[PDB]
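Note on naming: letters A, B, ... go to the chains in the order of the sequence lines (proteins, then strands), and numbering restarts at 1 for each one. Below, each value reflects all heavy atoms present in this structure, side chains not excepted, and no hydrogens, waters or symmetry copies.
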Amino acid sequence: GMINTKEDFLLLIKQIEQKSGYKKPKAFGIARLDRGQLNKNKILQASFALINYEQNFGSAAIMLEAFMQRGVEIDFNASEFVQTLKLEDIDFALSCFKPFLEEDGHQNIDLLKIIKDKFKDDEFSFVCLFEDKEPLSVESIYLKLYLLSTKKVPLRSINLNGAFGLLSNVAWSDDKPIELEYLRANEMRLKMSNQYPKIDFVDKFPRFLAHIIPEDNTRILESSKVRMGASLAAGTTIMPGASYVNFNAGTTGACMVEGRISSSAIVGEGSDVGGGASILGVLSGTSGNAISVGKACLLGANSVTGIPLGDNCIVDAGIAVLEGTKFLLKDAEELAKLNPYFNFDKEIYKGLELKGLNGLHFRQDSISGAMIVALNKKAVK
Amino acid sequence: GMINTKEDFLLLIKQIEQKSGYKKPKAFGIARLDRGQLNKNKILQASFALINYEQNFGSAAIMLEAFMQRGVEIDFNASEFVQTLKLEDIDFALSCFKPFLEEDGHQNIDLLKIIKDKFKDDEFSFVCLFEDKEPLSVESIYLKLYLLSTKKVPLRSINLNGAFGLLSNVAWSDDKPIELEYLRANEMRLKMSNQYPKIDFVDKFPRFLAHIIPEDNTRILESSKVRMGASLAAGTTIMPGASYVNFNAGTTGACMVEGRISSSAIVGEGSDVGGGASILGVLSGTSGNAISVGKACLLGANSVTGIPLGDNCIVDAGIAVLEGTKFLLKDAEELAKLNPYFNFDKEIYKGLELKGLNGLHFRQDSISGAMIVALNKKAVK
Amino acid sequence: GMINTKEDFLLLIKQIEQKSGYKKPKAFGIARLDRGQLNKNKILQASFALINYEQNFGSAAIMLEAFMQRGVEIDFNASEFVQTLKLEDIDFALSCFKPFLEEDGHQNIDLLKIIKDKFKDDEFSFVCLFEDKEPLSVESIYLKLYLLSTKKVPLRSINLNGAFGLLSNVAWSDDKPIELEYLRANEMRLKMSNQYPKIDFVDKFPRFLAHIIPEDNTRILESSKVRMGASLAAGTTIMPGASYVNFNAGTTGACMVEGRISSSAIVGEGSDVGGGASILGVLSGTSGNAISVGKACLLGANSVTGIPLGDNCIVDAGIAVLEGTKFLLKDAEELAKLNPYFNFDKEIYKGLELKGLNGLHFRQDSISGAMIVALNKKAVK
Ligand SMILES: [Cl-]
Ligand SMILES: [Cl-]
Ligand SMILES: [Cl-]
Ligand SMILES: [Cl-]
């Protein structure tokens, strides 16, 4: 078909990439789209089975060229490119991949074979990012969420600004989106005919398990507790009682999570988020930074953590550690050793002053009622 | 058909309404009923696609007359009237509506066309309330819950007493009720044949989303967290981690809800119910009144609010504000300004004494351990 | 068929039970198994419609004999016996039961008729326990969980050690297990063809309601909040907001549960677990015993209970009662009366010292900030 060898294939990629203003995508994939039942141009959800991040640039070149080949004008100076796939695009791409078709393990190529076989018009779209800027489309928002939940990129590392304004608030029935106006328009007919769909939730975001397959040692005991865009390190457990992991939040190592992790909050390896505990996400103020809890921290049942914590910190059950809470310092000499740059000159510190320190133990003196910050005895050893 | 003009229609309504003891219903609609799999006279659920409250009295007259026309004796001195619809009732009503049949937007008339088209015996029932008293039927309980959840009537404004005794505890599978005795009777057959239905919950009440379509700016991130009979003002968000809205509870303006709103509790516009916070519903005692939180209140993560709060109150994360908790008053002069009738003569107040006041800030002194009630600095401005 | 009378039947049982080394099973039943989509020898779940505990030993003898009759070597010195049923086994058993076949109410016999009618190879397995030791199979783990959730045995009374290591972490879609590797292997095909299954959770354990039918006065308002192996006494209510009942945990009488009951924790009749409260399961240390809360205890919203409590204890909302928390004792003379062996000589006690006592009221002094242990005034009366 003119691409007969892998050498021909590589020269083709070189020709494409030497086109004027060509930029290699930083992320790309192909999404199956769910459209509005009433407004068929409204994209309600995008699903990917393969995410490419800073990889497989040849495959991206073939896809971009399929579009260029039929006259689609790609602005390589825009942050992203989204385009509906036609059958001709799939056939063009598969012909460029001719040298590989009888081989196993080429995942992007396998995906195209599948899409060709299941092709429908306006069902599939190529989605790519040229840079990390605010999303301009539902499709690019979904690619970004996937980049986070598949852990191709670290938590907080990509731009999600404006996502809420672009996404439609919809009903979700067995993880399928339905326009609210469709339900209103059909309510009499559906209820009287006993065909009213079962609505699990109404929101702009889907759940993690509608999109991501956990590692074999990762457990999520209830889907409603992990939003799409959450990032769970292998080995994490999310218990169902009073937990939550929001988008652009999660764990960077195996943790037991029984409480609530707000957006922008990161919990380090070996930490234990107790039943009904709260971890807030963003510190107050205009340059208010994100909250991180370090490694091997123990957050008690029904506690609240409103500041960044370093490693080996303990918040006792029931304690609220907020930015403005005052604490009486104990164990200053030992804490100095774990925290050599910090000035332990005084006796009372606000939560915010103590942010990020290691080996802290937040507790209440049960006789005097004083809030204390002390040494986690285990943190010295 | 003898009703040929809208004038004929209006004279018919006048004749009906001049019948002896006739009362216009205060609320009415037509429900599709779910009956027991074993006990077919047991009504397990009622679904409405249209609720009429203090409106469309002509339409109610036509329906009541359909029944009277065939000899049904309506007691207009009872608080409610419930009756199974026959095809003849639907045809009678549609014939009285003849002058309107080629016009759009007559919702009660459209509903009848649909019911005629999907008619089944014992499937549909007319349900109306003549006054606001204790429900006497499953059907009237469901009409009352709908009146609350559709916001046709305000929270706490209607009589729900006895509802629990009338409703059957059932299993619910994809929002369909199943008698527990049916599951017991069929368990061997169903499990061994691998046809055991998926049971989502066992209770007397259904969920809100099985019945109500939120406004486009209202989100409920998990159906199990909003019971049928809840009332959510447009713009409310219910997060899934540790929240709840019970029946005859909710919000009167757009609020962020991440905690638990008990029955009878009302949360005012702009308030923020923090993650895992509790709002209790009814004050203790025999004349113990319902708890209301006013506008723009901020309830901290893992707090407990056991008293009514006025506007612009703050409960810090972790604080329990109970009827018997004692608080040390600060900022008395400024609080007097926001609360001119209250007597700020003393220094220690019980929670219950402070009920309903504006601009309160409940906090703990972290050095002395004292519970404080102070000024919310933002409430002066 | 040679077993023609119930007398013949009883002599057959005598002959079987006199076989060398025969032991009567302590528990038995027949499970329908769910196997791996990829690994068909992996048992992902077992479902029973009938559990026998210390009963119906004749029926167990007939089943064991069906296997022995065809040469299966049963080790009656092992703790358990598991074996796949063949049609011949079912037909053999039904022939031994000939004298009963035209009679009603023989549940084990009815089950065999059903299994014969729905027979499939490798679908059904006989599962029995000869003693209470660590489970050796998925099948025996499931029998043990059933023994707990059906309340045939008391909470904590049976050996579940090693269960986590034997169970596979799987995806669950409408309560059906799916191997994660199957989802990975089929992800492209399933997502692009729009056939991706709805995954409710990923875990090693199923939910209670996938297996157990509550009593008519028992309510569970959300299935994800009660794990399989939980034990709920008749009349219990599990609310959905922030509750949980883990395996080998629950209630021994009717309780209102709105908080989290950890594994090994037992809550006594008439107790009320408030919204977002935590009950921990096992005391710290190597001989750290299980936590029990007695009858008519009141655990406040957002409290934490980390010690065993006797009867009529109160933990105020927001209070954390941990093993190491210190409390100032009040009402010593009255508490002595309720607790005659305890030595109320001193003024400050650690939580752990107070374990199991009756009539305790844990509260905070809101003026001094001191943690108090006092008399529950209602407990004297
Ligand atoms: Cl100081
Ligand atoms: Cl005073
Ligand atoms: Cl909680
Ligand atoms: Cl002492």
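Annotation: the span from B/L298 atom CG to B/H361 atom NE2 amounts to 8.0 Å, rounded to 0.5 Å. Note that CZ of A/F327 and CZ of A/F362 are 5.0 Å apart. Values are rounded to the nearest 0.5 Å. For the atom pair B/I114 CD1 and B/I109 CD1, the distance stands at 12.5 Å (nearest 0.5 Å).
In terms of heavy-atom pairs under 4.5 Å with chain B, the best-connected choice from A/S224, A/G306, A/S303, A/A320 is A/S224. When each of B/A49, B/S243, B/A370, B/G274 is checked for heavy-atom pairs under 4.5 Å with chain A, B/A49 comes out on top. Between chain B and the options A/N194, A/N246, A/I199, heavy-atom pairs under 4.5 Å are most frequent for A/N194. In terms of non-hydrogen atom pairs under 4.5 Å with chain B, the most contact-rich of A/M188, A/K198, A/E222 is A/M188. Contact count versus chain A (heavy atoms, under 4.5 Å) is highest, among B/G300, B/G369, B/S368, B/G275, for B/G275. Note: B/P214 leads B/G318, B/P214, B/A31 in heavy-atom pairs under 4.5 Å with chain A. Across B/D174, B/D216, B/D175, the residue that shares the most heavy-atom pairs under 4.5 angstrom with chain A is B/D216. Among the candidates A/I319, A/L280, A/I372, A/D200, the residue making the largest number of heavy-atom pairs closer than 4.5 Å to chain B is A/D200. With chain B as partner, the option from A/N302, A/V245, A/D365, A/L183 having the largest number of non-hydrogen pairs under 4.5 angstrom is A/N302.
With a threshold of 4.5 angstrom between heavy atoms, B/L111 approaches chain A through its backbone and through its side chain. Proximity to chain A is limited to the side chain of B/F124, based on heavy atoms less than 4.5 angstrom apart. Heavy atoms of B/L209 lying under 4.5 Å from chain A belong to its backbone as well as its side chain. Neither the backbone nor the side chain of A/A171 comes within less than 4.5 Å of any heavy atom in chain B. If you measure heavy-atom distances from B/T218 to chain A, the contacts under 4.5 Å come from the backbone alone. B/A317 touches chain A through backbone and side chain together, each having a heavy atom under 4.5 Å away. For chain A, the nearby part of B/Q364 is the side chain; its heavy atoms alone come within less than 4.5 Å. Only the side chain of B/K176 comes within contact range of chain A, with at least one heavy atom under 4.5 Å from a heavy atom of that chain.
By the 4.0 Å N-to-carboxylate-O rule, A/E179 lies too far from A/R35 to be salt-bridged with it. At a threshold of 4.0 Å, the pair A/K326-A/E347 does not count as salt-bridged, since none of the basic side-chain nitrogens sits closer than that to a carboxylate oxygen. The pair A/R227-A/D203 meets the salt-bridge criterion, with a side-chain N (NZ, NE, NH1 or NH2) lying under 4.0 Å from an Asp/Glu carboxylate O.
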TODO: Before giving the answer on side-chain contact (heavy atoms from CB on, under 4.5 Å), spell out for A/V170 and A/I178 the whole-Å C-alpha distance, their side-chain angles and the decisive distance to 0.1 Å.
DONE: CA-CA 6 Å; A/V170 298; A/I178 307 175; over 6 Å; no
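Aromatic rings of A/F247 and A/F208 (six-membered ring for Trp) have centroids beyond the 6.0 Å cut-off, not under it.
Under 3.5 Å, the side chains of A/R207 and A/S223 contain no donor-acceptor pair of N or O atoms. B/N108 and B/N52 form a side-chain donor-acceptor contact under 3.5 Å, judged by distance and modelled atom types alone.
Formation of a donor-acceptor pair under 3.5 Å by the B/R260 side chain with backbone atoms of B/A242 is found in this model.
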